[PDB]
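Below you will find one chain, with nothing else, as structure tokens; this is the form deposited in one PDB entry, and questions on how it binds or moves follow later.
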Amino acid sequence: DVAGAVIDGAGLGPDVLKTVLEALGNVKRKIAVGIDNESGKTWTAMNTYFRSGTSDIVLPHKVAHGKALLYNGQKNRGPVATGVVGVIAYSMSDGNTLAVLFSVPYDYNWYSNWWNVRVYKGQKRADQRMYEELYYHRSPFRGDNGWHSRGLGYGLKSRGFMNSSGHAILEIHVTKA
């Protein structure tokens, strides 16, 4: 389906994210993000912080257990040599915050793709400080075309994958610990 939609969790995988990427057209740097909620909690959109880039998509609002959300972002339009870098936050029904970092650089001569996922205690807005934590201090994962698992605390764990290209895909599955 499309960026901004909530879909059946079983429909998330690389091919729907390739479709989301294609729908953005041939911009230099862009990302399709899919997150499968198998957490046993409903998620409610909080906000998205863009360090670089933009999205025309509203974060999918309410994401029940058994659903996945689809989202996208792209570099700022025009003659700016920048990528797409930001943090998505969702509130979970337990009162905590699920946060997801993505970082897709302009210049692959020197930079590469990164991502991260964390649960924050309480209700925490995505912002520059959260970006800095997730990027510099909380052991982000490379977008290396491989899967990476990590415990999140709070009765949850993550398993996710990001490709290594400037037309990026980020696929994350949040499950019970």
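For every residue, the number given is its place in the sequence shown, counted from 1.
**Student:** Identify the stretch, either 159-167 or 21-29, whose C-alpha atoms have the larger mean B-factor according to the entry.
**Tutor:** Mean B over CA atoms: larger for 21-29.
**Student:** On average, are the C-alpha B-factors higher in 104-112 or in 54-62?
**Tutor:** Going by the record's values, the stretch with the higher mean is 54-62.
**Student:** Looking at the C-alpha B-factor values in the deposited entry, which of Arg118, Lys67, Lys124, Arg142 comes out highest?
**Tutor:** Checking the PDB record, the top C-alpha B-factor among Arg118, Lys67, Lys124, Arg142 is at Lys124.
**Student:** Taking the chain's C-alpha temperature factors as the reference, tell me which third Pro79 falls into: lowest, middle or highest.
**Tutor:** Middle third.
**Student:** If you rank every modelled residue in this chain by C-alpha B factor, which third holds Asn37: lowest, middle or highest?
**Tutor:** For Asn37, the deposited C-alpha B-factor lands in the lowest third.
**Student:** Splitting the chain's C-alpha B-factors into thirds, which one does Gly73 fall into?
**Tutor:** It falls in the bottom third of the chain.
**Student:** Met130: which third of its chain by C-alpha temperature factor?
**Tutor:** Middle third.
The following text describes the form solved in complex with a small molecule, which does not appear among the structures shown.
**Student:** In the deposited complex, is there a heavy atom of the small molecule that lies within 4.5 Å of any heavy atom of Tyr111, even though the partner is absent here?
**Tutor:** Result yes; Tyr111 sits at the interface with the small molecule in the deposited complex.
**Student:** If you check in the deposited complex, is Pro140 within 4.5 Å of the small molecule, heavy atoms only?
**Tutor:** Because a heavy atom of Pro140 falls inside 4.5 Å of the small molecule in the deposited complex, the answer is yes.
**Student:** Please run the contact check for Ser103 against the small molecule in the deposited complex: heavy atoms, 4.5 angstroms, yes or no?
**Tutor:** Answer yes; at least one heavy atom of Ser103 falls within 4.5 Å of the small molecule in the deposited complex.
**Student:** With the partner left out here, check for me: in the deposited complex, does some heavy atom of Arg51 sit within 4.5 Å of the small molecule?
**Tutor:** Within the cut-off, so yes.
**Student:** Candidate spot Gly83, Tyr131 and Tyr135, all three in 4.5 Å heavy atom range of the small molecule in the deposited complex?
**Tutor:** Yes: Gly83, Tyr131 and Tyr135 each sit within 4.5 Å of the small molecule in the deposited complex.
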